[PDB]
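>>> chains from the complex, first installment, not repositioned:
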Amino acid sequence: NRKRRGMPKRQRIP
């Protein structure tokens, strides 16, 4: 057969 295919932000705290 064929093949089946399938934090960005960060706050700076103390």
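Perfect, I can see it now. Numbers count the residues shown, from 1 in each chain, chains lettered A, B, ... in the order given.

>>> number of residues surrounding residue A:7?
4 (other C-beta atoms under 10 Å). C-betas here are computed from N, CA, C, even on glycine.

>>> do you know how far it is from residue A:14?
Remark: distance between residue A:7 and residue A:14 (C-beta to C-beta, to the nearest Å) = 18 Å.

>>> same thing with residue A:6?
37 Å.

>>> and what of residue A:5?
Counting by C-beta to C-beta, the gap from residue A:5 to residue A:14 is 42 Å.

>>> what of residue A:1?
53 Å.

>>> torsion angles phi and psi at residue A:2?
phi -100, psi 170 (degrees, to the nearest 10).

>>> could I get the CA-only coordinates of stretch A:6-14 as PDB?
Extracted in PDB, the C-alpha atoms of stretch A:6-14 (Å, rounded to 0.1, in the frame of the first residue of the first chain):
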ATOM      1  CA  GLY A   6       0.500  12.900   9.900                       C
ATOM      2  CA  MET A   7       4.900  25.700  23.100                       C
ATOM      3  CA  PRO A   8       5.300  28.100  20.200                       C
ATOM      4  CA  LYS A   9       5.300  31.100  22.600                       C
ATOM      5  CA  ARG A  10       7.000  31.700  25.900                       C
ATOM      6  CA  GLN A  11       6.400  34.300  28.600                       C
ATOM      7  CA  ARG A  12       9.500  35.200  30.500                       C
ATOM      8  CA  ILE A  13       8.600  35.000  34.200                       C
ATOM      9  CA  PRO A  14      10.700  35.700  37.300                       C
END
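
>>> relative to the whole chain's centre, how far out is it?
From the chain centre to the centre of stretch A:6-14 is a distance of 12 Å (C-alpha atoms, centre = their mean, to the nearest Å).

>>> likewise for stretch A:5-12?
For stretch A:5-12, the distance to the chain centre is 6 Å (C-alpha atoms, centre = their mean).

>>> the helices in chain A, which residues?
Assigned by DSSP state H, the helices in chain A number zero.

>>> let me know the outermost residue of it.
residue A:1 (28.0 Å; C-alpha atoms, centre = their mean).

>>> so what's it up against?
Not one residue lies near residue A:1 by C-beta atoms under 8 Å, 6 or more residues apart in numbering.

>>> throw chain B onto that model:
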Amino acid sequence: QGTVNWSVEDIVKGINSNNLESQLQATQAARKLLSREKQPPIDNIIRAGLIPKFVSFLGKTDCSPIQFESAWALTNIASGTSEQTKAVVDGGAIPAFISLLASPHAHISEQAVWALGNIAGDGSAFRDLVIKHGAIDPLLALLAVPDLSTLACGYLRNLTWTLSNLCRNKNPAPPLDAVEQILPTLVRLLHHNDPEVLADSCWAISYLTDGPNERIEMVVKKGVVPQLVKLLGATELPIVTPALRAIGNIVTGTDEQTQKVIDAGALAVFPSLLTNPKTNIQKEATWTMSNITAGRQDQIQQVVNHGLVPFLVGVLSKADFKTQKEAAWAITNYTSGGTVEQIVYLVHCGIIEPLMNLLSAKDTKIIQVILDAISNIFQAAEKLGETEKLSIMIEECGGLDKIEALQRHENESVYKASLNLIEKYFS
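This next block brings in chain B, placed alongside the chains you saw above:
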């Protein structure tokens, strides 16, 4: 205590003063508000129109502290929703932060790196916008040293993370030349000894390999597969997860690209992966396996030789349903492209019963997948003249009862195949 818990209006007052030190004081106060983990007043700070002021403070070379404080304040605004990040961008922060990458003060350039990371991390557009402003050159120059170990751990981790965001997201994927420009440094980070740098390096590689074969090739040709396979066996879950994702992405490509994963010795790690306590690891490992059994017969044979079929039987017998579903796919792919001997070996491993049991599932799609696998196995039995020996196996485990009942299933595709099997092999 001096700049702790200021009101927004006091911050507005200090920033609107013509006193640089007063402005520095107010900016720090804002930074501390925005640095609180419990609902920082991001929208309040935005509504006060403080962003343009923060942005202008970024260029105050003679007052580095206010450069640092505003960069930190803007970073935390950019860490919010898309709207809040847009506000930072709208204020002209991108070019100002890129200028800060060359700051002689490490903590300031790091804050700029952090800020660009949050902006790029919002999505494709802002990512590509940060790239157009020319953030990549100055970013890579910060990593251009004989040995990464001489850089501060925190600094390196931030640089790696921001770079990973520049490699992230689709529709569209990052510009080809951008990926090419970044890859060499990324490969280097992929060999660093720090767990967080490794984790984010794998995530970057996973993003880059999450696309068409050409994208996969760009990465593969850099020779990172052996290293990925090694990290695939690491003890840290945060490292294994992205590493497995990357390997999984790579085997969705060409048979040759898949073969490199096999040659690197990846399959030896799968006895663990397919029994891993974390269900997400099991699911993605089985998914990866299904794309390997969709390969050539010599590759299917490699799966057999590593004794992974019994592990597929196990996952098919007991696992999170999503994992079991990937296992059903793995078997169908296996039976579709496998030889008669390979398919027979499947049956001898005990694939039949756990396969029949999943026909009680309510997921229509998995039933279709299983029914196709059965068809394929009978076809292999036909070439041996032992279709009947299989019919009894399926019947004794209560499989026939289920196929019979699937004739009154509500789905067209299901009952068609059901009765086809019933009247062709059971009559």
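
>>> once more on the contacts of residue A:1, with chain B this time?
Neighbouring residues of residue A:1 by C-beta atoms under 8 Å, 6 or more residues apart in numbering or on different chains: B:294, B:332-333, B:336-337.

>>> now, which of the residues you listed sits nearest residue B:309?
Nearest to residue B:309, judged by C-beta to C-beta, of those is residue B:333 at 12.8 Å.

>>> which residue is the nearest non-sequential neighbour of that closest one?
residue B:294 (3.9 Å; C-beta to C-beta, 6 or more residues apart in numbering or on different chains).

>>> in which helix or strand does that neighbour reside?
Using DSSP states H and E, no element contains residue B:294; it sits outside every helix and strand.

>>> residue contacts, it?
Counting by C-beta under 8 Å, 6+ apart, residue B:294 touches A:1-4, B:333, B:336-337.

>>> which parts of chain A sit against chain B?
A:1-6, A:8-14 (C-beta under 8 Å from any C-beta of the partner chain).

>>> the same query, at a cut-off of 10 Å, please.
The interface of chain A toward chain B, taken as C-beta under 10 Å from any C-beta of the partner chain, is made up of A:1-14.

>>> neighbours of residue 9, how many?
Looking at chain A here, since you left the chain open. Residue A:9 has 20 neighbours, counted by other C-beta atoms under 10 Å in any protein chain shown.

>>> chain B is the one I meant
Counted with other C-beta under 10 Å, residues neighbouring residue B:9 total 10.

>>> give me phi/psi at the spatially closest residue to it that is not a sequence neighbour?
Leaving aside its chain neighbours, residue B:9 sits nearest to residue B:48 (7.9 Å; criterion: C-beta to C-beta, 6+ apart). Phi and psi for residue B:48, reported as degrees, to the nearest 10, are phi -80, psi 0.

>>> for residue B:48, give its distance to residue B:88.
14 Å.

>>> that older thread, so the residue nearest to residue B:9 touches residue B:15, yeah?
Yes - judged on C-beta atoms under 10 Å, residue B:48 makes contact with residue B:15 at a distance of 8.7 Å.

>>> show me whatever sits in contact with both of the two.
Residues touching both residue B:48 and residue B:15 by C-beta atoms under 10 Å, 6 or more residues apart in numbering or on different chains: residue B:30.

>>> give me the more crowded residue out of those two.
Comparing residue B:48 with residue B:15 by other C-beta under 10 Å, the one with more neighbours is residue B:15, at 23 against 17.

>>> in the strand or helix carrying that one, what counts as buried?
Residue B:15 is part of helix B:8-16, with elements assigned from DSSP H and E. Within helix B:8-16, the residues that qualify as buried are B:8, B:11-12, B:14-15, counting by 16 or more other C-beta atoms under 10 Å in any protein chain shown.

>>> list the helices and strands the helix or strand following that helix packs on?
Next in sequence after helix B:8-16, counting helices and strands by DSSP H and E, comes helix B:20-34. In terms of contacts (3 or more C-beta pairs under 10 Å, 6 or more residues apart in numbering or on different chains; DSSP states H and E), helix B:20-34 is packed against helix B:8-16, helix B:42-47, helix B:51-57, helix B:64-78.
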